[PDB]
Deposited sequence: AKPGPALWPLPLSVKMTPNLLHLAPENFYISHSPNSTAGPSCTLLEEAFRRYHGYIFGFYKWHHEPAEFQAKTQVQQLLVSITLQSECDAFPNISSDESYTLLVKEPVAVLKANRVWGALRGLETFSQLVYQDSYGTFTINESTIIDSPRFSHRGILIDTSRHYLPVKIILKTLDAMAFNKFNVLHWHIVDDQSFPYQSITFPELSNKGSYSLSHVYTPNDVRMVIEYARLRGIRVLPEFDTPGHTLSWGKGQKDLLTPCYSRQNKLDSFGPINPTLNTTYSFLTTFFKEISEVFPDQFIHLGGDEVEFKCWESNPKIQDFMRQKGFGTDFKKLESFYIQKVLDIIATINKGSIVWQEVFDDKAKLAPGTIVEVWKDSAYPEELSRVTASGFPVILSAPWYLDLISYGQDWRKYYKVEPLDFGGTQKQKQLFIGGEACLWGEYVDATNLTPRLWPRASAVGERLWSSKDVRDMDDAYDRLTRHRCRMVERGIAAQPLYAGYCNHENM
């Protein structure tokens, strides 16, 4: 009942038993980590509870290289590990902390109770490492505010599924819950109310909680579209519409815009330790820009004609430059690439449009850019039945391209947009549907037996329920 299925699993018929008040998880004497390592100490204690909640007396954990205990995970973090389950001492070995965390999760999935309640595990050897290194979940806290607690629960569920990126789509048109220190009015005027805000301390908590599970927090502050809530607190930022709404996208012709974005993104570069900031750039509407006289003036000032993609490109290029100047990487939705903006090498493009997405993957990778797939994994788009199967069956590298292009595919994200989701329904909708995406991104390409996937996923789902994650059923049945 392993989920995701490890790279290599070799088991024996030899059963070993565990005694809850006589079973410890500890540092091997040769490890680079010790009691000082908060990350490993907290993991040891919480996995003790998950496991229990002929005798293997100890699970020794050996970190081989500089542990990276006090650091934040990044895209190249080594998550590989081996697990040797034997008597009297099992051994978890990993290059870094990140692999040990993954291995602790797998160890807990190997321990089970027999018919008489006896804690049991098979003698075994597991070798494991992920297929892709970007394995994300997108949450949307603008369409509905999500309390900190449900973000923490999602992070727990992500750890159980070996996801490593929380893509936090923190703000959007409807509300601005991010409390900015340098610009207090963004949240004061843009949030749904004062109890629908994320304080600097709420943000630190999510980041720390994520780090302890080897999860990166990738902030998205989408512009120039999806910014209506930004205009409540930052005057003169948004374009006024001469007529179909009242305000449109960010005004890209004003110097106050870029001065605001410089100061703002500098704050973001300090608050969020991850190397990458998602700049968005999706679904920019041009009707407002088209109907605005000052923008029309600006359009002819540098020969953009009637092609508003060039104005969008001009805006996005200035924002990409601001991110580069503060020494961070940028991630962008495909539109930015499709509308012919000039991107610096290293800029990650996220492919989300469901029409001809394999051909989009080819174009992006052929142009040299690293790529992330979300298109077929829009979990907000619910449907009747076992839709986990369609997410599972996706083979992400079935697009046209050389091996060099396929090496630019770094991973994917399962997206849960928030128009119809809040705390009342987020968890059942997210899990175990995202578990299908988690295996596809962790496990080998050839792991696709549907009967076996169903067998392991129902049991994994029951395990998520036992641990406090209200994951919905796959089909008729029961747990325990």
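Of the deposited sequence, the ranges 1-5, 59-72, 263-266, 504-507 have no C-alpha coordinates according to the record.
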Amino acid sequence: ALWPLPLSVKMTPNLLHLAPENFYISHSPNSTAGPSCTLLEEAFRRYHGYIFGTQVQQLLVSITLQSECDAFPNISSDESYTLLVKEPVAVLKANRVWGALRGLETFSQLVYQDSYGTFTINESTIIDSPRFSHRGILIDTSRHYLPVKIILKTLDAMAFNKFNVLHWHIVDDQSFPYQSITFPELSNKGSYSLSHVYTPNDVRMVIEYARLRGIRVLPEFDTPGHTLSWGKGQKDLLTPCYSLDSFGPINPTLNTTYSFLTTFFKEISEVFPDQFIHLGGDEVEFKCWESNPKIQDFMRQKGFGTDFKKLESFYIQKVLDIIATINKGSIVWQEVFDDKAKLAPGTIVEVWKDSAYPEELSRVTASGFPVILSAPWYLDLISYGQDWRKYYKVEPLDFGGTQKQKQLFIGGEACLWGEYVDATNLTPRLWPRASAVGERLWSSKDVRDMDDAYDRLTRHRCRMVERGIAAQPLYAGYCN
From here on, numbers count along this sequence of modelled residues.
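In the record comparison, residue 331 is modelled in each of the other entries of this protein that model the residues flanking it, with no third of them omitting it. Per the compared records, residue 438 is resolved in all of the other entries whose models span it, so no third of them omit it.
Looking at 333-341 and 387-395 together, the entry lists the larger mean B-factor for 333-341, computed on C-alpha atoms.
Averaged over Cα atoms, the B-factor as recorded in the entry is higher for 285-293 than for the other of 285-293 and 98-106. Set against one another, the Cα B-factors of 142, 161, 229, 243 in the record reach their highest point at 243. Per the PDB entry, 403 shows the highest C-alpha temperature factor of the residues 403, 174, 199, 129. Ranked against the other modelled residues of its chain, the C-alpha B-factor of residue 47 as given in the entry falls in the highest third. For residue 445, the recorded CA B-factor ranks within the middle third of the chain. Only modelled residues enter the ranking.
The entry lists a Cα temperature factor for residue 18 that places it in the highest third of the chain's modelled residues.
Among the modelled residues of the chain, residue 304 sits in the highest third by CA temperature factor in this PDB entry. When all modelled residues of the chain are sorted by CA temperature factor, residue 298 is found within the highest third.
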